[PDB]
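Novice: using only what follows, build the 3D model:
(chains A, B, C and D)
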Amino acid sequence: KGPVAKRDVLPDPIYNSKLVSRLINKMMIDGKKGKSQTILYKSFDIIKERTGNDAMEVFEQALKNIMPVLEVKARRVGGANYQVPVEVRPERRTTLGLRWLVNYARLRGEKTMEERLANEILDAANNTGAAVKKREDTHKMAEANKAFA
Amino acid sequence: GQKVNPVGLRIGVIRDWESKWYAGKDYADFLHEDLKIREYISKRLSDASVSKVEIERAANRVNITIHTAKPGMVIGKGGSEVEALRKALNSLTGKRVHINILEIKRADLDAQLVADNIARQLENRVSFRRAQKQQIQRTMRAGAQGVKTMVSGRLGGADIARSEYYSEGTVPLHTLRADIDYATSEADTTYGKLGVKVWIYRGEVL
Amino acid sequence: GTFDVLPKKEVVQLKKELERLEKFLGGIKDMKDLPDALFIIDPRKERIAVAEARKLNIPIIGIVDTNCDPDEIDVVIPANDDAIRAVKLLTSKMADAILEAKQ
RNA sequence: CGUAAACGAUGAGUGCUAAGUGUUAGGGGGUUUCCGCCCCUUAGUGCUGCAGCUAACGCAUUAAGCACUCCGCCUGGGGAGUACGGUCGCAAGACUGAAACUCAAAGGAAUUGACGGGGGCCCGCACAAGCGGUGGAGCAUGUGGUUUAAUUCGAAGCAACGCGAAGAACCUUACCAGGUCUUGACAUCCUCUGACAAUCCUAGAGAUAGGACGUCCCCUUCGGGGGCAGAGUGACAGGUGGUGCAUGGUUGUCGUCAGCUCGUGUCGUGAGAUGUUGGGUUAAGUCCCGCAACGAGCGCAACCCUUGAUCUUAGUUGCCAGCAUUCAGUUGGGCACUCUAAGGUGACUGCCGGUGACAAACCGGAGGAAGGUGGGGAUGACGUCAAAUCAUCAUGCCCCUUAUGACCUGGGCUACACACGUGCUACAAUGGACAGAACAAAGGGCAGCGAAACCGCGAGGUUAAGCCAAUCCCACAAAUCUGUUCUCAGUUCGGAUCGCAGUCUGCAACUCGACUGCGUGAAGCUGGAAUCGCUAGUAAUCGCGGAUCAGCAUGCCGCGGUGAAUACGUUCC
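Specialist: Numbering: from 1, shown residues only, chains lettered A, B, ... in the order given. Sure, the structure comes next:
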């Protein structure tokens, strides 16, 4: 069988990042990169406006707050249902960070996902936020189950 | 759910069309006229052991070639055979019919005549081992790189009907350059219906 | 014959096949007929050849060892079957014996 | 007490009958005072092994060998080590020990399989990792029940249930009700006498008739012969009647799994084994190496079809690069380019390096359009489910025959309290509505495709160009992108249901068609237990096309448009 790997596209015409196009491919509903590109650039223009900063550094700070060190996997032996904590390899750190940004942004609820993604980045920058509940809770699940490693 | 017929599998690779023309405006009508032709000619020469009929359509004219493996039963005395054969076809089709009859040397390599030869022996109450083994020796001496004759039905045994393989040599139904003759025949016996499936791997083309 | 079939069907068929068939069918290649006798070097090492020799009732000459059975071999020679000079000596004597025979 | 799987499941004694090898307690020898090595012999205790034995497993000098002596015990399984009697025992029980009755087996050892909540290895959207759903609502569709005059029949876990049905208004259509028919609606017969047709009127729901009118057949040397018609007569027909547990043929499924076998040989009393196992390897019983096997066949792969690229030929109806004109590739012009369709070339672990046995193969590199069966398709081994199909067909047998057959109209297969598969549409801002701009592929068209114009709000309508089609049409692609607008509500969401008015198809849209126009606007605010699909141009989403077909598509079959997320891994199902 063996492990297979995938690829992704380097630039964005404004905000030249790999991972921002990785977020473009994420949150794509029904095969529409155009709508996700529109949502993303209008959101980052809100992040450049509402806070007078470049939104690249705010976006990496939000990622750094969300990227989880420790997943907690499963291990059922007998009738025990133990969860076992896993040191996450950093690709999955970035992609769990992007899932938590996208999911808790669209789960928030405001008058566009432009605004939801903007305010979720602004919350995950100054770490207290909705996806960071999931960050904290995964680290708490790894903290409770640390007896197994 | 099993094997695709090798005749229908190798059409348009190496095995030609039997029915060779091009459609103008009554393709269905030409088809069913030729089905009536093949029914009529195979009924009439199922005494005279005709295997295959290739039909042309040549702008109001039909060239029928007939592969028989004996000439003088079907071209015969010359006059009478071509009279009773071209004349009734000119009637029951409605236009000109020309008949060219190619004779199959090595009568035991064409699977239609071979399957009919096994079917008649079952109808002649010859045992269903003797038919297939005798015919396999006849075909493998007539020269074939493999033969497979499979007979199924009630073999003279009432409440269980089973399939019977006899074969010699390579019969490679998956090689798509094979030139394999496949042919069925049916044998209505007193105990029911027997089905003869013979296919003869004869040699491939590089 | 024709040496041009495919670019490598001569390889995958011919070469691969020549290797195994030459190495194993050796100099018994041109045998054409059943042999009269059989000269082996060790019966314990080669019970299969000794077995079907005694079955086919071919009389056998042979060097045996002290752990081998002299009842099974028709013509028993006691000597060294893994010292190369003793086996060279015995095959030498017997090949000279058969070379002195056809006249 | 007096019993144990109290066993070596192997009575005691004795003698004989190859070896190799540990070990326990002794003895003696050949050099050495020794340590210690070797040799030799006892008695006990292990293992492997020849002859011999055995049904085989195996035993084999510690016999299950070859013998002799003596003892104990067995004579199918159950009932049953039971009951009765006796002896012994405090007792529990022990020992001795049947019979009626009942069965055709019980049993040993071995072989092939299958299975294991046994071990090993491996693989697959199987699990995980994700992404989207189904289960909730509405509707479309199929199925169970139930209502029925009939709700025709067939399928029934995976492998039935948007299945046969690639199109139930009539037909189909079998089923029901009523009117009917009886060599018959369909095909060979026999005998005639000539054409059959065609229309009109009456019936009649129509079939079926009464009729009128009309019959023109022909071919020859005169007898006839190719039709069709009726008219008899009887052979016969006709069954979508039953049996898929009588069948042929054709399929599903395991499963595109990698297996399934045979020849000759040898092994075994035999069943069987061997090959086919073992090591590495593979997508693969693929391939190599070793091997009591050597081969072979069906499978696997390859050839076959498509897509990925380029060369030659071939440029019109296709293409517009430079040559000017054009509302327009329209014209002149050109085969460069795309395209098309033929022949090629091409990718083979071939070359490099590395590993591994040097093999087979594997990991990376260069080249290249293409890299390790490149993506897909077609191909479905021996056999498994007495799987499915007697309703596509052909069928053996059994049944019906003035009817279980045939015609005709009307209904039903669309019923509906309920469950239940598959699907479509939504519940909404990545949204809804309104306006502008663009980009496709593949396929269809002769009583068919139908431009343009005109009219109608619209579904569409009238006249009609072109097209048997790389020309002309279907054909104004849609999500998309760009502006305007609502602002998070059962709403500018959603469209069910329904009233009215229309349109098209067709004898005919009432049960029972699709579509339009106006209006009404429902359940529904992302779905419990449970559960499915997918590893890349895939899933998700968007339209287009075609079969079927007058008309009916949310189904199916293909086509493109945008177009992801994840695979640590085999712990678990």
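Novice: distance of residue A:96 from RNA strand D?
Specialist: 7 Å (CB to the nearest atom of the strand, to the nearest Å). The C-beta positions use only the backbone N, C-alpha and C, and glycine is treated the same way.
Novice: what's the closest non-adjacent residue to residue 63?
Specialist: Went with chain A since none was named. residue A:97 (5.0 Å; CB to CB, 6 or more residues apart in numbering or on different chains).
Novice: that was the other one, I meant chain C.
Specialist: Among residues not flanking residue C:63 along the chain, residue C:77 sits closest, at 4.6 Å (CB to CB, 6+ apart).
Novice: is it correct that the one you found falls within a strand?
Specialist: Yes: Residue C:77 forms part of a strand when assessed by DSSP: H, G, I helix; E, B strand; the rest coil.
Novice: got the buried residues for the longest helix seen in chain B?
Specialist: Longest among the helix segments of chain B by residue count, using DSSP state H, is helix B:27-44. Residues of helix B:27-44 classed as buried: B:30, B:33-34, B:37-38, B:40-41 (neighbour count, 16 or more other CB atoms under 10 Å in any protein chain shown).
Novice: tell me the one among the residues you listed nearest to RNA strand D.
Specialist: residue B:40 (13.3 Å; CB to the nearest atom of the strand).
Novice: re earlier: mind checking how far the residue nearest to residue C:63 is from residue C:46?
Specialist: Distance of residue C:77 to residue C:46, computed by CB to CB, to the nearest Å: 15 Å.
Novice: beyond the helix or strand hosting residue B:113, next helix or strand please.
Specialist: Assigned by DSSP states H and E, residue B:113 belongs to helix B:111-123. Moving toward the C-terminus from helix B:111-123, the next helix or strand (DSSP H and E) is helix B:130-142.
Novice: contact partners of that following helix?
Specialist: Counting contacts by CB atoms under 8 Å, 6 or more residues apart in numbering or on different chains, the residues outside helix B:130-142 that touch it are B:106-109, B:114, B:117-118, B:121-122, B:147, B:149, B:151, B:164, B:166-169, B:198, B:200.
Novice: so that helix versus helix B:111-123, what angle?
Specialist: For helix B:130-142 against helix B:111-123, the angle by axes from the mean of the first three to the mean of the last three CA atoms, to 10 degrees is 150 degrees.
Novice: any part of helix B:130-142 near RNA strand D?
Specialist: No: Helix B:130-142 stays clear of RNA strand D (CB under 7 Å from any atom of the strand), getting no nearer than 12.8 Å.
Novice: OK, contacts around the spatially most central residue of chain C?
Specialist: Central residue of chain C (CA atoms, centre = their mean): residue C:40, 6.7 Å from the mean position. For residue C:40, the contact set (CB under 8 Å, 6+ apart) comprises C:46, C:49-50, C:60, C:62-63.
Novice: mind listing the residues bridging to it?
Specialist: Bridge pairing for residue C:40 (DSSP bridges) gives the partners residue C:62.
Novice: from RNA strand D, how far off is it?
Specialist: Counting by CB to the nearest atom of the strand, the gap from residue C:40 to RNA strand D is 13 Å.
Novice: one more: residue C:74?
Specialist: Between residue C:74 and RNA strand D the distance is 17 Å, computed by CB to the nearest atom of the strand.
Novice: touching, that residue and residue C:59? I think so.
Specialist: Yes: using CB atoms under 8 Å, residue C:74 is in contact with residue C:59, at 4.6 Å.
Novice: neighbour count: the two, which is higher?
Specialist: residue C:74 (16 against 12; other CB atoms under 10 Å in any protein chain shown).
Novice: just confirm the residue nearest to residue A:63 is within a helix.
Specialist: Yes: Residue A:97 forms part of a helix when assessed by three-state DSSP.
Novice: which residues in the chain form strands?
Specialist: This is for chain A. A:70-75, A:82-87 (DSSP state E).
Novice: try again with chain C
Specialist: Counting by DSSP E, one finds strands in chain C at the ranges C:38-40, C:60-64, C:75-78.
Novice: redo these as CSV? Include distance to residue B:15.
Specialist: Converted to CSV, these look like this (distance: least, CB to CB, whole Å):
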stretch, distance to residue B:15
strand C:38-40, 55
strand C:60-64, 59
strand C:75-78, 65
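Novice: wait, which of those strands is closest to residue A:37?
Specialist: For residue A:37, the closest of those is strand C:38-40, at 84.2 Å, according to CB to CB.
Novice: pull the distance from that closest one to the chain's centre.
Specialist: Distance of strand C:38-40 from the chain centroid (CA atoms, centre = their mean, to the nearest Å) equals 7 Å.
Novice: for stretch A:124-139, same thing?
Specialist: 10 Å.
Novice: are that stretch and RNA strand D in contact anywhere?
Specialist: No: residues of stretch A:124-139 are not located near RNA strand D by CB under 7 Å from any atom of the strand, the shortest gap being 10.5 Å.
Novice: ok, and for that stretch, which residues are buried?
Specialist: Using 16+ other CB under 10 Å as the test for burial, stretch A:124-139 gives A:124-125, A:129-132, A:134-135, A:138-139.
Novice: which other residues reach that stretch?
Specialist: Looking at stretch A:124-139 with CB under 8 Å, 6+ apart, the contacting residues turn out to be A:58, A:61-63, A:65-66, A:68-72, A:100-101, A:103-105, A:107-108, A:120, A:123.
Novice: CA atoms only: put that stretch into CSV for me.
Specialist: Only the C-alpha atoms of stretch A:124-139 are listed here, as CSV (Å, rounded to 0.1, in the frame of the first residue of the first chain):
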residue,chain,number,x,y,z
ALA,A,124,-7.8,33.5,17.0
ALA,A,125,-5.0,36.2,16.9
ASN,A,126,-5.8,37.4,20.4
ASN,A,127,-6.1,33.7,21.3
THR,A,128,-9.5,33.6,23.0
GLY,A,129,-12.0,32.5,20.3
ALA,A,130,-14.4,29.8,19.1
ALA,A,131,-12.0,27.4,17.3
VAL,A,132,-9.5,27.9,20.2
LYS,A,133,-12.1,26.2,22.4
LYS,A,134,-11.4,23.1,20.3
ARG,A,135,-7.6,23.8,20.5
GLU,A,136,-7.8,24.0,24.3
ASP,A,137,-10.1,21.1,24.6
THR,A,138,-7.9,18.8,22.5
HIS,A,139,-4.9,19.7,24.6
